[PDB]
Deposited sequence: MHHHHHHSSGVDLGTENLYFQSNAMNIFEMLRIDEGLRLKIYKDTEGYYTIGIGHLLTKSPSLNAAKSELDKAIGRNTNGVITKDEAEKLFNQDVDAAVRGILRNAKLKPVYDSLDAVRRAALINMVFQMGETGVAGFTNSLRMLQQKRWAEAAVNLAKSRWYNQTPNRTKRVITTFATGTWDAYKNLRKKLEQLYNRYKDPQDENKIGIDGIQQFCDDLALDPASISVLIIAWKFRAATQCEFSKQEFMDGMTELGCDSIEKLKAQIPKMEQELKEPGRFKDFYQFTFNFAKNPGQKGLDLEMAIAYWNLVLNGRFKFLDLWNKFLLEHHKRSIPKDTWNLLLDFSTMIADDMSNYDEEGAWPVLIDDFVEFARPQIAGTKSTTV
């Protein structure tokens, strides 16, 4: 197999997941789009992953394990390309760099999706790079994934890695402005503050919490190099100005309840101290004032109730259920089912709040 840059090309274009996840079609995936099983059983998926890696992964792998799986998928894709009468001639005629761009296309839309580009594939086989580049840019493929497609088209146009190398340069230069002088592999307190100033935002603002959600950031006041790089590439941003222009779109998303729920639940995980399962009361109230502002009539009376009668950490389930509480609760609390399944804390809040109307 050893006799046969591509891993980094697809790490950028598709993304690398180190934890077992469900893909669009609902299948159990890991690494760079590696399918584990067609089975709806996570036990089966973990069994497949464990067998393939050779350890009890519990659904979590290293980047090197993800690479082992990725090289197997490249080999399978190449074999499939070679058994395809519409793809084999083009593939055989292409240099190593342009073959990687073709394998990239197969990874995205499959063999049938790629074979549909008959005129463009012909131009590539004929080494009419300029004509192929203009023709591939007319497709829906160019509008569905503009950033990825432009990179792939550039690879076919030049036969160089310049699209990927130049994106990494621009992001590394941008990163250097924010990295911690005491720790090059992370963005510190000062760096996060600088990042927020460049965006003309306060670090305690909702816009910055929305950005953290979009970057899938782990914890408040922490920002790793990997979070910065992966976040900027996935969002299709190579500058602060480009990130700034994405903010209205992120805002509109939150008008849809499913997205808002995902953001609201993410806030708890982001806000809490690593190593702690719960969220300290003072911090829970400060984040509730940000995310439930204009969504919960009883927000202040709730904060007052907790500061005076709870005075302890907020568990994740209670945090999640407060959103459902705020949505259904009548202004007079008459529809509250006290004989229901709400946390004891919410039952106690209703009991405390009801005499005060």
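Residues 1-17, 22-25, 379-386 of the deposited sequence have no C-alpha coordinates in the structure.
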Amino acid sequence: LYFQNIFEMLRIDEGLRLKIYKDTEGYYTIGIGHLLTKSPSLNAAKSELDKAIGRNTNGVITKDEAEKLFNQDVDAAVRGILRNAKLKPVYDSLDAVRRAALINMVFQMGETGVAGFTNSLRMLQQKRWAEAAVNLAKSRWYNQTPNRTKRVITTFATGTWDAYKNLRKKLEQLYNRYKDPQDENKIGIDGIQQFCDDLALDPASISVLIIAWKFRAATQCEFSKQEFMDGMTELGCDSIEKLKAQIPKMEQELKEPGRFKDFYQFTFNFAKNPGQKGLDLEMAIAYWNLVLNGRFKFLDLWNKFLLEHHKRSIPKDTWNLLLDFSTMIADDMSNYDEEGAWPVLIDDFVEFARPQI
From here on, numbers count along this sequence of modelled residues.
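Compared with other entries of the same protein, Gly26 falls in the group left without coordinates by at least a third of them, where both flanks are modelled. Across the other entries compared, none leave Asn58 without coordinates where the residues on each side are present, so it is far from a third.
On average the C-alpha atoms of 86-94 have higher B-factors than those of the other stretch, with 86-94 and 191-199 being the two compared. In this entry, the higher average B-factor at the C-alpha atoms falls on 47-55, of the pair 311-319 and 47-55. Taking only the listed residues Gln126, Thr155, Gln246, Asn176, the entry reports the highest CA temperature factor at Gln126. The maximum CA B-factor among the listed residues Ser205, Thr267, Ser120, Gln226, taken from the PDB record, is found at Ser120. Among the modelled residues of the chain, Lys304 sits in the lowest third by CA temperature factor in this PDB entry. In this PDB entry, the Cα temperature factor of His34 sits in the middle third of its chain's modelled residues. The PDB entry assigns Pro181 a C-alpha temperature factor belonging to the highest third of its chain's modelled residues. Ranked against the other modelled residues of its chain, the C-alpha B-factor of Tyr287 as given in the entry falls in the lowest third.
Annotation for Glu172: C-alpha temperature factor in the middle third relative to the rest of the modelled chain, per the entry.
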